[PDB]
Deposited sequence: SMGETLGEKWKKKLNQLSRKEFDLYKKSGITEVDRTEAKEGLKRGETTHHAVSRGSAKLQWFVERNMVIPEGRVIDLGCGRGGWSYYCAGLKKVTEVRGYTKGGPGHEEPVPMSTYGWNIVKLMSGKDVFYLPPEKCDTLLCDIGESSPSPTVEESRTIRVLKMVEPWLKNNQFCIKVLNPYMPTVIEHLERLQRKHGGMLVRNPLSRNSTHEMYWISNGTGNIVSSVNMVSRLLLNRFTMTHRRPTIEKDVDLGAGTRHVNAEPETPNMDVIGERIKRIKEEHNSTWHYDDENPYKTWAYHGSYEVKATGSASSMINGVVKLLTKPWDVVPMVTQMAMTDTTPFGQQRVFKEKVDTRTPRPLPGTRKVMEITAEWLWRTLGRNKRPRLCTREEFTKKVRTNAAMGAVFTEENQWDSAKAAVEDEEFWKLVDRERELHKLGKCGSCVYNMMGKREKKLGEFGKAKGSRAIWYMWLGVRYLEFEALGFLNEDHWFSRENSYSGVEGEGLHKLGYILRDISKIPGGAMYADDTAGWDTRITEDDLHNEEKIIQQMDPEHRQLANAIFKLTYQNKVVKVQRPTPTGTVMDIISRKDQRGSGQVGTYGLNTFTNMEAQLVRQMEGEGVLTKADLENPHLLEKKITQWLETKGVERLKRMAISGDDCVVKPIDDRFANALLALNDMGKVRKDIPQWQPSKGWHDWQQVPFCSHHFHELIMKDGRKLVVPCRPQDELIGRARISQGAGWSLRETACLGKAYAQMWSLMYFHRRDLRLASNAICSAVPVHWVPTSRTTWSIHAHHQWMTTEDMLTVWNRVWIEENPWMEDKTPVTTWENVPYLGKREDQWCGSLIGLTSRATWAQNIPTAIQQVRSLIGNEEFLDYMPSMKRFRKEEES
């Protein structure tokens, strides 16, 4: 009567240390603990999970196997991974963690992750000595392995007998250390009749343990579930070793949680029609899921869908063949780590989007209102807002997709746009929904068109060009940003600050939205009517579609939110640049002592002082900044700005990767300032002329070019050629990239015109999307059209196009000097031939220097 589990145990115990270390992780799932372990070593108390346990519990919670609610009790909490995870879930009101502690036992790790204020972890509490307490969720992860399965059987039954009296029509998730021993099976079968639930295997569990979890939400055959795991674990001994599937670890946020402040109160008069139409369109599967996870977004209903997305990105085989040394580079592989499945979407939504920003103080709201009014008057001094048109939108769609091109050519699409526009003119919206059938697609593209019609002027007419806005960089181009930062560096004063905001779009408040909409005051009446509908009905009352996995299949949830920026809405870039200019001017006023703590708290703050500063210094202060959406560089009049955090945090623009009240750190060397994911180097050309060039860690450049878009080798090769040409024009100064670009261009047929874009950045002008000789394009961009290049003498050779210094190239990720890189360089004509052979007997040219 020997079980398959007992057979697995005998085989496991016979493994040598070498084969046991390989087997334990073969084909498992594992979170990358690198960042958290280093953060915990540095004493950081925000974002990080204290152990692998938070991700372990997330696996069950995201599958609805256990849905913590009310008073949660965590038995054997150890460091607290399960408890800290629970603190941020919708229905959880209190988390009580109990753990033994003492020598050889894990102790609770104090943290300040989101909801720490409802987490009560107690050491010195051996749960086997504790009387059961009333709770709504019972969690238990206790069970120490033993080479003897009978010692494990005794430990398992001891846990099962300890936990059972805590169970009373509540949620639960209990580790069953050894579920294969017949006496454990018998006991679980009796427990399942009294308390329900089922046994599940968590794929984050190592193969060296047969642990399973008894979870409350589900049913099934315990014997079948146990034996299926035994078979899997047995097959894994002989299976060719598979490296573990790596997943991103959890981000548990920061700060106190006020459960009563989380719920969203929707404006049903405004959003009711949109919900009604989605319901009618998907009426056959429309349902109202009470188990939805949304804390701060209003939930309206769901319909059934097939799952969209992938765990990882597709790989460009042509670029991979010509970049062999980078196959072992972690940052290069980490680039291709993007989970867009309903699982990945829900994790991002919980961690980043499902938050609420406190309302700023009345004095802060007063300063923002004064500043916004002044800024809009400044921005509209020369230009007038204007309506964009069908003809203009059609032109943008055509010149940038295949379905969008078909749609804009369809008279039915524009008939639908007209019908919706007529509702907007009446102060009603019926079909404008965004995402986190052609009718669904026509309604979506139609929504984007109406937004473009009303607010497209901000981008189409370059309202944020440096000439129009002083701080802006819209239309400038990556090749000009470095020269702009060098120009800012000449302004006397403090260091150059470049603080990033954590999730800027989620930090856009109702006050920000009301300040942004003031641009309608400058519009013609018919335009004001259309923009007012966009701001009020759609930007300040967003209806969103988001996928969610469930035990029975995937669903599309319909949710809503009044504040935050609609990241998937047109106008985002311009409105973010506007609000960020305003926010940074307010921070400069605080740095200068114009705006004080007393002023921010004042409910009847006087405007005189603020207007005087804006009218006398405002433009000078805008010229000290480079602002692109949520990204900024600010060079204030002195360094008091580093310590000026009251208004910035009060406006909701909390800085990323730094404690709330820690002063910022700036740079005096403009070449080290980060901006738009780049930094910029000043180089001296062989002919003595200076050039300012853009740069980023080389692994990001290679990692990105190794990611395919959109069977078919031609499209893969052409996208490879597009990255190669972008490298020759923008990143020619990186040794590895100029060599790899020459290799790719030698490997791809000369007449094949680059297809598909390398980037969607607003800073990209795509001068590399051509068959024209790259040196004549280089001369055009860098010499002829370059306003910071006085001597217009062309360069006749790539030998006169400069590289970074060797040490600088290496600091920025070059592999120059490594043996693998020398081997790669030697192997280039061979790698080129390999790609050429895979493509076939086409016409190729040799670009190798």
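- Residues 1-2, 403-414, 451-466, 741-742, 882-892 of the deposited sequence have no C-alpha coordinates in the structure.
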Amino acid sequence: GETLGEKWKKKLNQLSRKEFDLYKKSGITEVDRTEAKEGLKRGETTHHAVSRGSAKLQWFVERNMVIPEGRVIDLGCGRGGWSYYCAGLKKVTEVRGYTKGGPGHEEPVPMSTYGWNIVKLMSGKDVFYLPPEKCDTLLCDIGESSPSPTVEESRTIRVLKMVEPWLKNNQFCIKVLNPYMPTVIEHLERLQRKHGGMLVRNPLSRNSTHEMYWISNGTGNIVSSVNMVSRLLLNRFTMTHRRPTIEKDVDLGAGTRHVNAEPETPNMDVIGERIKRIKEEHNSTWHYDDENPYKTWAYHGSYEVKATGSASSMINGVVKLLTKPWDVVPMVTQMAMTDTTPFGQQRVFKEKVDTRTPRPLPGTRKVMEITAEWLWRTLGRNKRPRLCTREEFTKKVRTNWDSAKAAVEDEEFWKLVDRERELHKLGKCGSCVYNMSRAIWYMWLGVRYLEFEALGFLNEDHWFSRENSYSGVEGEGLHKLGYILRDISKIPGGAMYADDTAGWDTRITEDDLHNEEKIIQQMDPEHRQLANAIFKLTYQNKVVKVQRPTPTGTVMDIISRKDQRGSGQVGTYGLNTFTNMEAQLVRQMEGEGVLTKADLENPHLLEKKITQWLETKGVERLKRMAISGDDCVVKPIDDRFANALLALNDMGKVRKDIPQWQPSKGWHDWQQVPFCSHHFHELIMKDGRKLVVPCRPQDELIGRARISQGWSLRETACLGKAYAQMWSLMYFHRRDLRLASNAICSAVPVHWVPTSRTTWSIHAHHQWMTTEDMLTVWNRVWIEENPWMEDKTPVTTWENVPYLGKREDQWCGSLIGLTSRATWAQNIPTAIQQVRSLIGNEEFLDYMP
From here on, numbers count along this sequence of modelled residues.
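- For the pair 364-372 and 312-320, the record assigns the higher mean C-alpha temperature factor to 312-320.
- In this entry, 402-410 has the higher mean Cα B-factor, the comparison being between 402-410 and 607-615.
- Highest CA B-factor among the listed residues (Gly80, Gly124, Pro325, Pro263): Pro325.
- Remark: of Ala583, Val92, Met239, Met523, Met239 shows the highest value [criterion: C-alpha B-factor in the PDB entry].
- When all modelled residues of the chain are sorted by CA temperature factor, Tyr539 is found within the middle third.
- Remark: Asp563 belongs to the middle third of its chain, ranked by C-alpha B-factor as recorded.
- For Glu106, the recorded CA temperature factor ranks within the highest third of the chain's modelled residues.
- In the PDB entry, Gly53 places in the lowest third of its chain by CA B-factor.
- The entry lists a Cα temperature factor for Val226 that places it in the middle third of the chain's modelled residues.
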